[PDB]
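Protein chains in written order, with the deposited numbering: chain A, 4 to 412; chain F, 4 to 412; chain D, 4 to 412; chain C, 4 to 412; chain B, 4 to 412. Heads up, the beta-carbon is just placed ideally off N, CA and C, and yes, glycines get one too.
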Amino acid sequence: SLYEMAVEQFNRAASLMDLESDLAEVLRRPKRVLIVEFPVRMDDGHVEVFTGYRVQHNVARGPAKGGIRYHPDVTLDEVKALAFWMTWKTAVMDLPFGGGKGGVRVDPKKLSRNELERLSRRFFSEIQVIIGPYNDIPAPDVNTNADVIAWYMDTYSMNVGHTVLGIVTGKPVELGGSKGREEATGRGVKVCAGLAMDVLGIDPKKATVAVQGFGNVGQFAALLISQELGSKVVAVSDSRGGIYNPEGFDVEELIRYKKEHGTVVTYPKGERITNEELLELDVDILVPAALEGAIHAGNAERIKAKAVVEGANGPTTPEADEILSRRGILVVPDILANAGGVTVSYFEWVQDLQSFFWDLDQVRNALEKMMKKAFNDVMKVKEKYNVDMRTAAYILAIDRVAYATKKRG
Amino acid sequence: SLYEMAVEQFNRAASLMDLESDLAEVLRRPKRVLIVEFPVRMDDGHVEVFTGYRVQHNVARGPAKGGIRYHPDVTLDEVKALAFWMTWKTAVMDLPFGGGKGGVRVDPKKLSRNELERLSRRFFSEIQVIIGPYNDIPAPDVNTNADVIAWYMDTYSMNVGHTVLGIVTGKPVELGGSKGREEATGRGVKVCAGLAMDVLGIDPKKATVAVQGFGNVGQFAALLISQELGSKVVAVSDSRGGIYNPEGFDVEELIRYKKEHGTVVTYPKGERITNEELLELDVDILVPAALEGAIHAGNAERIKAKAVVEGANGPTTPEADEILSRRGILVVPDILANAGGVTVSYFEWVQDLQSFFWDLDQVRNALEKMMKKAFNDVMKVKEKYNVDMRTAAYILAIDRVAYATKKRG
Amino acid sequence: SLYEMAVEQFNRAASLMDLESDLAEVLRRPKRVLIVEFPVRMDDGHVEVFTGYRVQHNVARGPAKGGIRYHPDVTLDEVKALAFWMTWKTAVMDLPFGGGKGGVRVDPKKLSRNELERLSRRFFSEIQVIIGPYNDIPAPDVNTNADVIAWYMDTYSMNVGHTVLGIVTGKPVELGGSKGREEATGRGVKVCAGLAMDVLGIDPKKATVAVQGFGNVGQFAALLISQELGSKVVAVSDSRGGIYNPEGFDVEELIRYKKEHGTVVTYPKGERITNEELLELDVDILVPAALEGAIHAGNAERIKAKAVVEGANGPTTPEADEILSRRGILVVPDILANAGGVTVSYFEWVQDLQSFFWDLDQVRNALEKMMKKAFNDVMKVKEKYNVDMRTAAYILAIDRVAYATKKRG
Amino acid sequence: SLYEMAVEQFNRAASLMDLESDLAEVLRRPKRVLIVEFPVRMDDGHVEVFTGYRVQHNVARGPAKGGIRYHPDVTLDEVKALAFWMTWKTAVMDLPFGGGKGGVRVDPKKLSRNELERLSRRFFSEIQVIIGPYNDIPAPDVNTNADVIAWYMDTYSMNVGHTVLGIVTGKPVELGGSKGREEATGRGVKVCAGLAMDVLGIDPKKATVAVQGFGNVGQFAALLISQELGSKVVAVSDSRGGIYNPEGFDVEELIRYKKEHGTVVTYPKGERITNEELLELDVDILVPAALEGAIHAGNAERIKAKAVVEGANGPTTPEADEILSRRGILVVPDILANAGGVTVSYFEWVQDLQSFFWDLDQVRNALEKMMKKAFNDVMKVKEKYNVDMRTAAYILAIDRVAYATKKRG
Amino acid sequence: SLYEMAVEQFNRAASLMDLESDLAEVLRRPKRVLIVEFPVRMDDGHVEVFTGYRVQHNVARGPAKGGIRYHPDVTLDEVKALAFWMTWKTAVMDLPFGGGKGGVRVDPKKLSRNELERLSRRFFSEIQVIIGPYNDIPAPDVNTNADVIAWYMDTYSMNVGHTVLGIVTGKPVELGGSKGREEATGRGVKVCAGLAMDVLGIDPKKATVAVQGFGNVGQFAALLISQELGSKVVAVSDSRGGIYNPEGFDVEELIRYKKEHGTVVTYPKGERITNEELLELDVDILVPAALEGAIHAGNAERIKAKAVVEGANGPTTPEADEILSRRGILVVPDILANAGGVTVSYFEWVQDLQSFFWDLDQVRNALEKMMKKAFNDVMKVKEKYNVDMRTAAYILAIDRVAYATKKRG
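In structure tokens:
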């Protein structure tokens, strides 16, 4: 099971540290799981019932935090697993949040804008019993955006009897959102890619970088790394193929091109290469911001990158991990790498509490500041246990979450 | 699955009546399902995590009502199914309640009174988010009693910040309980047994009755039938064997004996017979207040009883149903027959709401009055559809629950 | 200390029964004590601070119940003791209430109607934090009436944001009050005096009665006993002197006279006698509805009354108790005797809860019904312990309050 | 009485300023006093009742703020007096808080960690009725720490139904605490010591300092004074004796030693001297961070210190005050001097409200900034009335507290 | 009607931009209108009923914000219109507030301080149902001040059961107020006057300014412009007449004089002129901070001012607008010009939320900062539509309020 697998990874780091048996058990199982079957009236007049989920794994460190998904293939198991991760993700970044997640078994593409909105309100009205700005703060995920989030916010406000705007994050800027929300993730990767260069002594100005994928993370990661770090992005890939260039692409131009044309492929001044090839490129840093298992057994042994900054989720398989560590290649854990998003969502929730909003620069600095600490904090634990950075990040999380529970009773 | 099975039985009656497809769907799936993993400190100092469930199927007719179970073998499925039934059970009785159930996977026998109390409070503290005197009113079930229920009530009160005593039913008398709580179920069977007699034209004074089982239900049902109806209980059985006597036993003496001696067997002035034999006895009314499937294919064809008042749960299998209906034997549905319990629980919740308590006679009259109506109401439906009384009871319920949902939107 | 003294009386009965040491300690100490110093603006413009008290002794059996006093000589000790009693008083009557009391050190006579109202609101606004219809329901006492009580009611309602009228009892009839409120106490004495006659086998029609005092209690007690019991009230006394007549006075005429003339003395057809004489009168029942210690050491040995129904508070001293018990004279405990008042106040709180009001007859029957049970219940305890009826009522109370606490945890 | 004595000091300053009589009276008496008797289940199974207190003197300027004590010798009087002080302490610092205090009559040393926690939760559960993040914010005091405080916080959160973490201050850092909490008090004394020097024209670089006592206050006061002010700490004392050195100790080394060895005595390179001697030392600044009455009649006449910064509570007696003022020695009032603690507690409560936390530097600057103003503000008043700085601080407090009440009504 | 007129102005801008018809309708009509008739006890004992209003036009962007008026001539129409404006005022400043207004038909001058306070509490206690720190935050207006505002704050807090101080703005500094509150408006005008000089290329050092009126706005506006901008205030006027001087008055001296003497008239070193003359003065900037319609048809054609900064409300009539625009004279809209007040009130509500207060400089910079943006934002819209700046400000407002509602659903 997807959840059990998540648990396994947890036990690994749990055995590395002296964690009380009886205690570890609570840190394993989730606090709350609420399943709802809510009816939504469709345009054609007939009613249709949908299944919804919302799980709060841990709340020891603070109010549960986690996105909501709208997908035809969503299992309580997948939800639990994700929330389970949220707990460690939030903790590694040192934010006063917990672990939560939720979703609805539904294919948005088959629903009308109106139907969608209705379903959204009803769902949020159903899980309202468990959420709260000081209990559970939902946010966007797969197939959900500022628009849907906005409905959530509005619904709660009208339900509670007053404007809240802090019940959900990822809201539109002129409605309680936070500037820098888009570049959040990317900047996080950039900060990490820079520190990774530091620990390895690689000068950024000369450093070469390859980025697998060109979605939100890839684009921003690549662009920022290029402008702010001076590193030469010698290759990027699309959900089609990839282009190479030892001279270094112009991330800006590349973006525009990928906006005017479905893919970055065909782009002139770029040697067409397969996605697998890009991963095997001879570059200083590999930023896998695409699909999972990207780096697996087969690749692992051939990867020449000195450091890997995980822009996506689980790009590298556990087998690759072992091999990469063995080979001495630095693998920065995703929980830390793309935590930027969650990090900026926290700032939004803060700005919302006091109803005062910070300017771009502020959010940027704050995000960068916390990112650096999180990194260094993981490194410390890394050296103290002489283990895989990912493992380090996991211990640090588990530890912090335990101290809280312990001190609470 | 136990739940799917429950669903099947529901569809049977749903097909007999013109029930909107899209509507039926909502009447099938449960509204809320909350799963909790709560830690409980054991006497020996170490902590142990327990799994708990609470499901609110439907709340259309009123606040969800259902008991809580403490059993090492408890599945969400079993809970859902039970809750599903509650919805129709309350419905048929015309009580302003909904459908709910809950439990905790634990063996009370391995826990210390203290540990038990603690687990009890924690559990109730965890599902508190969903309960309420006007939302969900839990009650005792398997391995839970007035003592446990009392804890729940106290916990909520101290949690909410004021004495409630209506958050749970089945509380001890001198603490918000209701008189007649014990004989509740039995009296219900008695009222039913009487009406069964009326429709068949059988004079109670001369009527003969056999009761399979001598638990709370059996004893009280037998005792009351004997004293209030004048019918001669020619046979009763223990979880060992049964005793016969055409002269009619002295229910009172029989009880005392079953109290001083594990079983009613050995009791002088009684012809020892097997449980299976009792069922085949030539009596006017058969009251199976024992185990499920008691009356099945094999027995069915041989049962001489003119009427069967199901004091227990599902004593007769569906196959038995078909054959008994075919043979023209009246089988009073348990949902209606043993509802007496739930019915008296409602009165306690009422008394609790106004903090005023009625005396025995009151409860008795009230219980009997409503029981009568419920019976006659099912009969009307029976004749309108020319179906099995059990089925009639099911339609009556589904109908009542639909009207509410329909009129609500 | 007045409190310690009350405590002593409690330990007496506590030793008579097997009461857990550690448990008895909680039933001794009061749960809450709130002392307030609130400023009240006086007519002349200057502010004056007043001291207020509100104590909730026990809440185990239900919400705390107790009156408020306006007296220049009020000590937290006096308040505590009174509240302490309330807990046993309500419990002996079997009412779902607790124990509470309060007061304000102030002399109403020196305050203008306005000033008084203002102080009243401010006070109730201050102890509001601890009161509530399901927490603490204040009532009138010394120097407070329906008029003051109404203010309280209005204040809370306007504070809480909606009409309550169940926050306090003893409210004016056309404002949430209950019929029978005045004759409450008296009717209680009446019921008691009747049962006292029954246990002694004395026929009411021929029985003679003497009543020391002619206040609310005395009058009503006398009148109803006369009319409903047929007993001949051969003597009554004023806060001046008393009149005798073996023929039996006309309670109604006597009342009218005491209304047109300060005292019942001077009344024609009545042999003037001192208050002390009345107590030594040769009558079947003595109803001391006047001052405390009325019956003491000196008198005790000379009292010819076969039964004493304490209409007032502590008319008989402990010394007299011993002597009277020794002599075999039945002394009905005031906590049970004049509980009628608190009993009717409960009904008011009940009527208030459901916003429906009963008619006189109803209240009357209810009050008499409960009164009878209360009496019989104490008698049972009396025979079980072979002690003084007052002691019996004390145990009965302590027991009931213990069971609740025990069962709650 | 301890309280009456506190009032006396108040009246002194109240007479120096034109303060409305009737108004003064309300500023004297405390608003709320809650006394609780709560049972705690002991490990051995038996129940034990403990007494608790919670007093909210004034709330005019904001929510009541004050610590809780666990001491076998605690009187309502001691608590009242303490809260009475808080009122003026908070006021002089210009913080939006009120005055409150509380404690439990119990000896922690005789209770097991478990028993202690239990007693802690129950107590907080009992006084919960009066507290709140916007009503009363408790904090640690004698025999209570971040560990206990954490329990309170957790208890409230689980009681209120959501994480609060602002109901109490002094929480552990990774749980809502604030950096700089420890050095708080000391830094305050440091800030004061500096300004005292400034008013006297004494250059800090050359100034000499002596600190009686080496607890939290003493240590940090000394260390920071040394490092940040450059002043030479020529002497410090333990709860045993004291050491001198015109060369100036190495506060850091001194601390370590006091950590490895019970006392700072025996420490090499230090002339052993009695505590009384230290006080008579010929130094520029005397920082009595030990016990009360340290400086009294006898000493007063002999003290050569040019300025005294009261790190402890009431180190100087009134008699000493008179003589010291007479001699022209500057005595900085404790309410102002050791207010640093309360000051940082405010910052924590602020950080809690917006759930955003400041870094050390911020807290430091903030504390120092407010400390300075508070000082200067008292000085102004001092010159306007030409009185003792302590008196000035008292007037400034009473005034600020009066303005609020006046403008409020 | 006054309201209809306001609506007209709105339709003007609504026609300029593509605003959905059905949508515009919601933006036209107000969400809530609460009319109250509350009795107030007068000093002479008799009761008097007063009429009160509170209207919340729109709440899309945030909680409704608007002052309260105490005037014998106040119509629901006047109130609605005003609230209607607030919605656009707040919006153009980009503050997270809505639109609200209220008042009481009463002449303060005929009421005693006591009576006025009472009336104030009663009114706020009556409209309490609709207000809230996150619903509706009242503020001072005509005939209401910090003193009255304070009463509201106190009343709500004692009503809600805890200090709020964020329920209303414009509170006294030492009670939740914000520094810079007085100079707020004026500073806004100053900022505006400066930017106006910028767009016109007029150097402030040489620029000449005339200010019609010498109230809060006029004084501060003139003073700050003089000192911070260096512009020479060549003329100011009283509610009597005005004085001129090409040399430039000494605003400070001028204020003192207007304080010592009813008017600025008679002031030596000033050429006495009529109010109408001042408007026709040949200066670079005209700051009409006096009465409405000050600049009308007649004047319009004669005004030589290059730019007009509307310090007051509607000083220029629509007819004047047309002519001024035609003539090419810049007219900065009051909604933007004197929004400084509303702007500073928001900062107060912010500081109140976190209970932390900023210092003067902070507020100053914050106010000037947002003022600048607001201006520039309007200018952008101005060029995009090539319309009158006032119109521009209106569109920008309507737009922002639309997006909110649109995105909310």
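Those residues which DSSP pairs with residue i across a bridge
i               : result
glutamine 215/D : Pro291/D
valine 163/C    : Beta-bridge pairing links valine 163/C to no other residue.
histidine 74/D  : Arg108/D
Residues of its chain near residue i, where Cβ-Cβ distance is below 6 Å and the 5 sequence neighbours each way are ignored
i                   : result
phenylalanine 360/D : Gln354
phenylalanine 127/D : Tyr155, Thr158
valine 268/A        : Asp241, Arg243, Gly244
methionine 20/D     : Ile398
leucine 168/F       : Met156, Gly179, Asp355
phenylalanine 87/D  : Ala9, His60
Sequence-distant residues of the same chain with beta carbon closer than 7 Å to residue i, five excluded per side
i             : result
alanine 224/B : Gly189, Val192, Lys193, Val214, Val290, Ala292, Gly314
CB contact check: residue i to chain C, cutoff 7 Å
i            : result
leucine 79/D : no
Closer than 7 Å to chain A by CB, residue i
i               : result
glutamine 357/C : yes
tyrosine 6/B    : no
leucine 122/C   : no
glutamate 28/F  : yes
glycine 412/B   : yes
CB contact check: residue i to chain D, cutoff 7 Å
i               : result
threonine 166/F : yes
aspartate 25/C  : yes
Interface flag, residue i vs chain F, CB-CB below 7 Å
i             : result
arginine 15/A : no
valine 82/A   : no
Worksheet item: In the segment 146-174 of chain C, which residues sit with their C-beta less than 8 Å from some C-beta in chain F, listed in chain order?
Response: Residues passing the 8 Å Cβ filter: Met161, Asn162, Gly164.
Item to complete: Check each residue of the segment 38-65 of chain A: if its Cβ is closer than 9 Å to any Cβ of chain C, include it; give the result in chain order.
Response: So the close ones are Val62, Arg64, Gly65.
Item to complete: Pick out the complete alpha helix (DSSP H) segments inside the segment 324-404 of chain F, 4 residues or longer, and give them in chain order.
Response: For the alpha helix (DSSP H) assignment, the uninterrupted runs of no fewer than 4 residues enclosed by the segment 324-404 of chain F are, from N- to C-terminal side, 337-340, 343-356, 363-388.
Worksheet item: Given a limit of 9 Å on CB to CB distance, which residues of the segment 399-410 of chain C reach chain B?
Response: If you check each beta-carbon in the segment 399-410 of chain C against every beta-carbon of chain B, the ones closer than 9 Å belong to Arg403, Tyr406, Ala407, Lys410.
Item to complete: Pick out the complete alpha helix (DSSP H) segments inside the segment 236-272 of chain B, 4 residues or longer, and give them in chain order.
Response: Fully contained in the segment 236-272 of chain B are the following alpha helix (DSSP H) runs of length 4 or more, in chain order: 254-263.
Discussion item. Any C-beta of chain C within less than 8 Å: which residues of the segment 127-141 of chain A qualify?
Written reply: If the cut-off is 8 Å between Cβ atoms, the segment 127-141 of chain A has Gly135, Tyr137, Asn138 near chain C.
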